[PDB]
file work.cif (mmCIF, C-alpha atoms)
data_entry
loop_
_atom_site.label_atom_id
_atom_site.label_comp_id
_atom_site.auth_asym_id
_atom_site.auth_seq_id
_atom_site.Cartn_x
_atom_site.Cartn_y
_atom_site.Cartn_z
CA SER A 19 17.20 55.51 93.61
CA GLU A 20 18.44 56.09 90.08
CA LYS A 21 14.71 55.71 89.64
CA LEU A 22 13.68 58.51 91.98
CA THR A 23 16.11 60.94 90.37
CA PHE A 24 14.87 59.98 86.90
CA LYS A 25 11.35 60.72 88.14
CA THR A 26 12.32 63.87 90.06
CA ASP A 27 14.19 65.29 87.08
CA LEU A 28 11.32 64.64 84.67
CA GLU A 29 8.85 66.14 87.11
CA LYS A 30 11.00 69.26 87.26
CA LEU A 31 11.06 69.54 83.48
CA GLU A 32 7.26 68.98 83.47
CA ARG A 33 6.78 71.72 86.06
CA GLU A 34 9.14 74.34 84.69
CA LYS A 35 8.15 73.82 81.05
CA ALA A 36 4.43 73.41 81.73
CA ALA A 37 4.60 70.04 79.95
CA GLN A 38 3.58 66.40 80.36
CA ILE A 39 6.30 63.81 79.71
CA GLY A 40 5.65 60.16 78.90
CA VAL A 41 8.61 57.79 78.76
CA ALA A 42 9.23 54.09 78.65
CA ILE A 43 12.53 52.30 78.35
CA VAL A 44 12.58 48.54 77.98
CA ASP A 45 15.10 45.77 77.32
CA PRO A 46 14.98 43.64 74.16
CA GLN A 47 12.41 41.29 75.79
CA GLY A 48 10.13 44.17 76.74
CA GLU A 49 11.06 44.23 80.43
CA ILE A 50 10.62 47.69 81.94
CA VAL A 51 13.80 49.62 82.71
CA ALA A 52 12.23 52.98 83.54
CA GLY A 53 9.05 54.90 82.83
CA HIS A 54 7.12 58.08 83.50
CA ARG A 55 3.35 58.27 82.86
CA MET A 56 4.17 55.19 80.87
CA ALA A 57 0.50 54.28 80.41
CA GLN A 58 -0.87 57.77 79.77
CA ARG A 59 -2.28 57.95 76.25
CA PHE A 60 -0.44 60.31 73.84
CA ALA A 61 -1.07 61.10 70.17
CA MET A 62 1.33 59.03 68.02
CA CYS A 63 1.83 61.64 65.29
CA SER A 64 4.49 60.52 62.82
CA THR A 65 6.01 58.04 65.27
CA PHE A 66 3.51 55.52 63.77
CA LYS A 67 5.39 55.58 60.47
CA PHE A 68 7.98 53.29 62.03
CA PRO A 69 5.42 50.56 62.83
CA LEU A 70 3.94 51.24 59.38
CA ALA A 71 7.34 50.38 57.93
CA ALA A 72 7.51 47.22 60.08
CA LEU A 73 4.06 46.16 58.81
CA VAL A 74 5.27 46.64 55.26
CA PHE A 75 8.34 44.47 55.92
CA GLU A 76 6.19 41.80 57.54
CA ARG A 77 4.13 41.63 54.36
CA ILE A 78 7.31 41.49 52.26
CA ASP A 79 8.64 38.81 54.59
CA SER A 80 5.55 36.65 54.13
CA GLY A 81 5.33 37.10 50.36
CA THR A 82 2.12 39.12 50.31
CA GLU A 83 3.83 42.33 49.19
CA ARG A 84 6.85 43.17 47.03
CA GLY A 85 9.45 45.81 47.93
CA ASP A 86 9.94 47.00 44.36
CA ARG A 87 6.26 47.02 43.35
CA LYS A 88 5.54 50.39 41.74
CA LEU A 89 2.82 52.44 43.36
CA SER A 90 1.30 54.95 40.96
CA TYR A 91 -0.26 58.21 42.12
CA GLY A 92 -1.12 61.71 40.99
CA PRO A 93 -1.11 65.16 42.66
CA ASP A 94 -4.09 64.13 44.84
CA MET A 95 -1.70 62.15 47.03
CA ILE A 96 0.49 65.15 47.88
CA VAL A 97 -0.12 66.45 51.38
CA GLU A 98 1.70 68.94 53.58
CA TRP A 99 5.36 67.93 53.90
CA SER A 100 5.74 65.28 51.22
CA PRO A 101 9.32 66.06 50.11
CA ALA A 102 10.09 62.74 48.39
CA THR A 103 6.52 62.21 47.08
CA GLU A 104 6.68 65.61 45.38
CA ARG A 105 10.05 64.74 43.83
CA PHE A 106 8.74 61.46 42.43
CA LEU A 107 5.41 63.01 41.40
CA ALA A 108 6.37 63.56 37.76
CA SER A 109 7.77 60.03 37.42
CA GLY A 110 4.35 58.86 38.48
CA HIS A 111 5.24 56.31 41.14
CA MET A 112 7.32 55.42 44.17
CA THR A 113 8.10 51.80 45.03
CA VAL A 114 6.89 50.16 48.21
CA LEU A 115 10.43 50.47 49.66
CA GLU A 116 10.95 54.02 48.42
CA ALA A 117 7.75 55.13 50.18
CA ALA A 118 8.45 53.27 53.42
CA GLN A 119 11.93 54.74 53.66
CA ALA A 120 10.76 58.26 52.97
CA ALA A 121 7.99 57.84 55.54
CA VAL A 122 10.56 56.70 58.09
CA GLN A 123 13.56 58.91 57.35
CA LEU A 124 11.83 62.09 56.17
CA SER A 125 8.40 61.68 57.78
CA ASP A 126 6.99 62.06 54.26
CA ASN A 127 3.18 62.31 54.67
CA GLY A 128 2.16 61.58 51.08
CA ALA A 129 4.38 58.50 51.08
CA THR A 130 2.64 57.42 54.29
CA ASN A 131 -0.83 57.81 52.75
CA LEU A 132 0.34 55.97 49.61
CA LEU A 133 1.38 53.04 51.83
CA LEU A 134 -1.90 53.23 53.76
CA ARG A 135 -3.84 53.07 50.49
CA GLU A 136 -2.08 49.79 49.67
CA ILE A 137 -2.22 48.00 53.00
CA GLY A 138 -5.88 48.56 53.88
CA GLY A 139 -5.82 51.89 55.72
CA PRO A 140 -5.79 52.69 59.47
CA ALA A 141 -7.80 49.56 60.27
CA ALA A 142 -4.98 47.44 58.82
CA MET A 143 -2.32 49.44 60.69
CA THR A 144 -4.19 48.80 63.92
CA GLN A 145 -4.54 45.09 63.08
CA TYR A 146 -0.79 44.84 62.74
CA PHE A 147 -0.21 46.36 66.22
CA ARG A 148 -2.55 43.64 67.50
CA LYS A 149 -0.54 41.08 65.52
CA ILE A 150 2.70 42.05 67.24
CA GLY A 151 1.14 41.93 70.71
CA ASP A 152 0.35 45.62 71.11
CA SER A 153 -3.30 45.97 72.09
CA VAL A 154 -3.09 49.68 72.95
CA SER A 155 -1.74 51.61 69.95
CA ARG A 156 -4.45 52.62 67.50
CA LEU A 157 -4.53 54.29 64.09
CA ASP A 158 -7.93 55.75 63.30
CA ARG A 159 -7.13 58.33 60.61
CA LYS A 160 -4.65 59.14 57.83
CA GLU A 161 -2.45 62.21 57.25
CA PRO A 162 -2.71 64.93 58.20
CA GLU A 163 -5.80 64.66 60.45
CA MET A 164 -4.29 61.86 62.50
CA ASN A 165 -2.10 64.64 64.03
CA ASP A 166 -5.03 66.82 65.26
CA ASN A 167 -4.15 65.74 68.82
CA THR A 168 -7.49 67.01 70.16
CA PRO A 169 -7.30 67.23 73.97
CA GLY A 170 -8.90 64.09 75.41
CA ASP A 171 -9.20 62.31 72.05
CA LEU A 172 -8.19 58.62 72.18
CA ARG A 173 -8.01 58.26 68.39
CA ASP A 174 -4.52 57.78 66.98
CA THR A 175 -2.83 57.34 70.38
CA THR A 176 -0.44 54.96 72.09
CA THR A 177 1.21 54.69 75.48
CA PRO A 178 4.98 55.07 75.97
CA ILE A 179 4.92 51.52 77.36
CA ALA A 180 2.97 49.88 74.52
CA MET A 181 5.04 51.70 71.89
CA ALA A 182 8.33 50.94 73.63
CA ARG A 183 7.40 47.27 73.66
CA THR A 184 6.27 47.42 70.02
CA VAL A 185 9.64 48.95 69.05
CA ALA A 186 11.40 46.21 71.00
CA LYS A 187 9.26 43.61 69.20
CA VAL A 188 10.22 44.77 65.74
CA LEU A 189 13.90 45.31 66.58
CA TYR A 190 14.69 42.46 68.99
CA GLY A 191 11.54 40.34 69.28
CA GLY A 192 11.59 38.54 65.94
CA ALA A 193 8.61 40.23 64.25
CA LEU A 194 10.65 40.57 61.06
CA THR A 195 13.22 38.32 59.35
CA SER A 196 16.86 39.06 60.25
CA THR A 197 17.19 40.86 56.90
CA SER A 198 14.15 43.12 57.27
CA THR A 199 15.07 43.89 60.87
CA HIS A 200 18.56 44.97 59.92
CA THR A 201 17.18 47.20 57.12
CA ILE A 202 14.57 48.97 59.24
CA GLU A 203 17.22 49.39 61.93
CA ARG A 204 19.62 51.11 59.51
CA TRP A 205 16.71 53.31 58.43
CA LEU A 206 16.17 54.52 62.02
CA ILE A 207 19.88 55.18 62.52
CA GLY A 208 19.92 57.20 59.30
CA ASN A 209 16.71 59.12 60.11
CA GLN A 210 17.04 62.70 58.85
CA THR A 211 14.60 64.40 61.18
CA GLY A 212 15.89 63.47 64.63
CA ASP A 213 19.06 65.54 64.94
CA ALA A 214 17.76 68.03 67.52
CA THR A 215 15.75 65.59 69.65
CA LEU A 216 16.56 62.46 71.67
CA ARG A 217 19.87 61.74 69.93
CA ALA A 218 21.02 65.27 70.83
CA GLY A 219 20.59 64.10 74.41
CA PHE A 220 22.35 60.75 74.28
CA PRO A 221 26.14 60.31 74.37
CA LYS A 222 27.78 60.40 70.94
CA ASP A 223 29.08 56.83 71.13
CA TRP A 224 25.68 55.20 71.56
CA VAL A 225 24.25 53.66 68.43
CA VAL A 226 20.90 55.44 68.29
CA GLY A 227 18.05 55.09 65.80
CA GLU A 228 14.66 56.72 66.00
CA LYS A 229 11.55 58.27 64.51
CA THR A 230 10.19 61.64 65.52
CA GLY A 231 6.59 62.81 65.74
CA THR A 232 5.04 66.27 65.81
CA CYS A 233 1.35 66.90 66.51
CA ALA A 234 -0.88 69.95 66.86
CA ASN A 235 -1.43 71.35 70.36
CA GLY A 236 2.17 70.91 71.47
CA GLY A 237 2.83 67.26 70.66
CA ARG A 238 6.50 66.31 70.26
CA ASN A 239 7.62 62.68 70.31
CA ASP A 240 10.58 60.42 69.56
CA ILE A 241 10.73 56.63 69.59
CA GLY A 242 13.47 54.19 68.71
CA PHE A 243 16.37 52.27 70.15
CA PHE A 244 19.85 52.80 71.49
CA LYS A 245 22.75 50.58 72.47
CA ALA A 246 24.67 51.83 75.47
CA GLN A 247 27.44 49.89 77.14
CA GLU A 248 26.72 46.87 74.91
CA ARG A 249 23.15 46.67 76.22
CA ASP A 250 20.21 47.08 73.83
CA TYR A 251 17.23 49.29 74.78
CA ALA A 252 13.91 50.26 73.22
CA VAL A 253 12.58 53.70 74.13
CA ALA A 254 9.47 55.79 73.59
CA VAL A 255 9.15 59.46 74.48
CA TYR A 256 5.92 61.43 74.01
CA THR A 257 5.65 65.06 75.17
CA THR A 258 2.90 67.64 75.35
CA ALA A 259 4.04 71.23 75.72
CA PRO A 260 1.37 73.58 74.30
CA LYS A 261 2.94 76.91 75.24
CA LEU A 262 6.55 76.04 74.31
CA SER A 263 8.02 77.00 70.92
CA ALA A 264 8.84 74.30 68.38
CA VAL A 265 12.53 74.79 69.13
CA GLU A 266 11.97 74.46 72.86
CA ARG A 267 10.01 71.26 72.31
CA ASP A 268 13.03 69.85 70.49
CA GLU A 269 15.14 70.99 73.42
CA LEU A 270 12.72 69.44 75.91
CA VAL A 271 12.97 66.07 74.19
CA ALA A 272 16.74 66.47 74.16
CA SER A 273 16.67 67.23 77.92
CA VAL A 274 14.66 64.06 78.39
CA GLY A 275 17.46 62.37 76.45
CA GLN A 276 19.84 63.57 79.15
CA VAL A 277 17.68 62.36 82.04
CA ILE A 278 17.55 58.94 80.34
CA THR A 279 21.32 58.89 79.85
CA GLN A 280 21.74 59.58 83.59
CA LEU A 281 19.45 56.72 84.51
CA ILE A 282 21.06 54.24 82.10
CA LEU A 283 24.59 55.14 83.19
CA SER A 284 23.74 54.77 86.89
CA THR A 285 21.94 51.49 86.19
CA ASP A 286 23.98 48.31 86.61
#
call {"tool": "encode", "arguments": {"input": "work.cif", "output": "structure tokens"}}
result
Amino acid sequence: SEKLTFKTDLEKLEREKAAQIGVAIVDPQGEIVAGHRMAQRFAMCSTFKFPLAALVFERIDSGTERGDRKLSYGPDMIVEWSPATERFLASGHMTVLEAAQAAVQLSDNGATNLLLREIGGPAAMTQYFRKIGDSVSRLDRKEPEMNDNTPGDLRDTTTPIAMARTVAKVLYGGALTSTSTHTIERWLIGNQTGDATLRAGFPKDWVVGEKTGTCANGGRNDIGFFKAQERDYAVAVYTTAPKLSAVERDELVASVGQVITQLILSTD
């Protein structure tokens, strides 16, 4: 009902924009609220940096990593779009927390690779997904190649449903201590890269936090959480729109925001 509209409206976007749209919305326990191609595989792009941050916190939680440990690097660690890494380059390090926060709030690629160097690489990222009960999401490469988004390639993908549930796990499911959870949640709320995407599509009174992703070949994604009408939701949106402009891809994810708002409001 609400459901059929949700679906209809996405299918219209898909048609008119020549795009594929993958969406999952779940409650804090991971129960499905609404989805579209929810188990189609989509490249993660930078959306993985959020789970990367959760993995880091889990290791801080358990005493196997320290938030203020200094990670030294040189210019070899700078990749495309590494705004904070470049700033700290001369100082010669960024802490574990500095790097995680820049990865999350700026999508800093060098900071992401610095973290991956410390935690055991893509294999370790993937292991963590498995640890939090996600058996679908997979990191196979580092930045920037993990964003190649080669048509058909299953490397470095997830499904809206698995990622939605993973988000719910970290935010509501007890994967992190109450202190880590709160911190990573504030980080998503204060994300600097999501202004023109999902949150542009949600009402202004919802508490929204999220992490965007951009891949080659028309990938544009946004995952996070929102609290509407005192209910908590985890959401994952992955889109593929090869012939749209970057701006229009932003606008497409925003439009998806709207369709989701309509569903949630109509839902009881």
call {"tool": "resolve_selection", "arguments": {"input": "work.cif", "expression": "the PyMOL selection byres ((chain A and resi 80-88) around 8)", "output": "ChimeraX atom specification"}}
result
/A:74,76-79,89-90,111-115
call {"tool": "residues_around", "arguments": {"input": "work.cif", "residues": "residue A:133", "least_positions_apart": "4", "cutoff": "9 Å", "atoms": "all atoms listed in the file", "output": "NGL selection string"}}
result
:A and (70-71 or 74 or 89 or 114 or 117-118 or 121 or 128-129 or 137-139)
call {"tool": "closest_residue", "arguments": {"input": "work.cif", "among": "A:284, A:145, A:127, A:176", "to": "residue A:99", "atoms": "only C-alpha atoms"}}
result
A:127
call {"tool": "resolve_selection", "arguments": {"input": "work.cif", "expression": "the PyMOL selection byres ((chain A and resi 242-258) around 6)", "output": "ChimeraX atom specification"}}
result
/A:37-45,178,182,186,224-228,236-241,259
call {"tool": "closest_residue", "arguments": {"input": "work.cif", "among": "A:27, A:234, A:223, A:72", "to": "residue A:261", "atoms": "only C-alpha atoms"}}
result
A:234
call {"tool": "resolve_selection", "arguments": {"input": "work.cif", "expression": "the PyMOL selection byres ((chain A and resi 107) around 12)", "output": "PyMOL selection string"}}
result
chain A and resi 89-97+100-106+108-112+128-129+132
call {"tool": "closest_residue", "arguments": {"input": "work.cif", "among": "A:210, A:263, A:175, A:285", "to": "residue A:19", "atoms": "only C-alpha atoms"}}
result
A:285
call {"tool": "atom_distance", "arguments": {"input": "work.cif", "atom1": "atom CA of residue A:207", "atom2": "atom CA of residue A:62"}}
result
19.7 Å
call {"tool": "residues_around", "arguments": {"input": "work.cif", "residues": "stretch 276-280 of chain A", "least_positions_apart": "6", "cutoff": "8 Å", "atoms": "all atoms listed in the file", "output": "compact mmCIF listing (two decimals) with C-alpha atoms, in the frame of the given file"}}
result
# COMPACT_ATOMS: atom_id res chain seq x y z
CA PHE A 24 14.87 59.98 86.90
CA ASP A 27 14.19 65.29 87.08
CA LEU A 28 11.32 64.64 84.67
CA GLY A 219 20.59 64.10 74.41
CA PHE A 220 22.35 60.75 74.28
CA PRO A 221 26.14 60.31 74.37
call {"tool": "atom_distance", "arguments": {"input": "work.cif", "atom1": "atom CA of residue A:149", "atom2": "atom CA of residue A:56"}}
result
21.4 Å
call {"tool": "atom_distance", "arguments": {"input": "work.cif", "atom1": "atom CA of residue A:197", "atom2": "atom CA of residue A:47"}}
result
19.5 Å
call {"tool": "residues_around", "arguments": {"input": "work.cif", "residues": "residue A:142", "least_positions_apart": "5", "cutoff": "10 Å", "atoms": "all atoms listed in the file", "output": "compact mmCIF listing (two decimals) with C-alpha atoms, in the coordinates of the input"}}
result
# COMPACT_ATOMS: atom_id res chain seq x y z
CA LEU A 70 3.94 51.24 59.38
CA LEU A 73 4.06 46.16 58.81
CA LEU A 134 -1.90 53.23 53.76
CA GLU A 136 -2.08 49.79 49.67
CA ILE A 137 -2.22 48.00 53.00
CA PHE A 147 -0.21 46.36 66.22
CA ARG A 148 -2.55 43.64 67.50
CA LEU A 157 -4.53 54.29 64.09
CA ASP A 158 -7.93 55.75 63.30
call {"tool": "closest_residue", "arguments": {"input": "work.cif", "among": "A:32, A:166, A:20, A:203", "to": "residue A:273", "atoms": "only C-alpha atoms"}}
result
A:32
call {"tool": "closest_residue", "arguments": {"input": "work.cif", "among": "A:167, A:130, A:199, A:58", "to": "residue A:180", "atoms": "all atoms listed in the file"}}
result
A:58
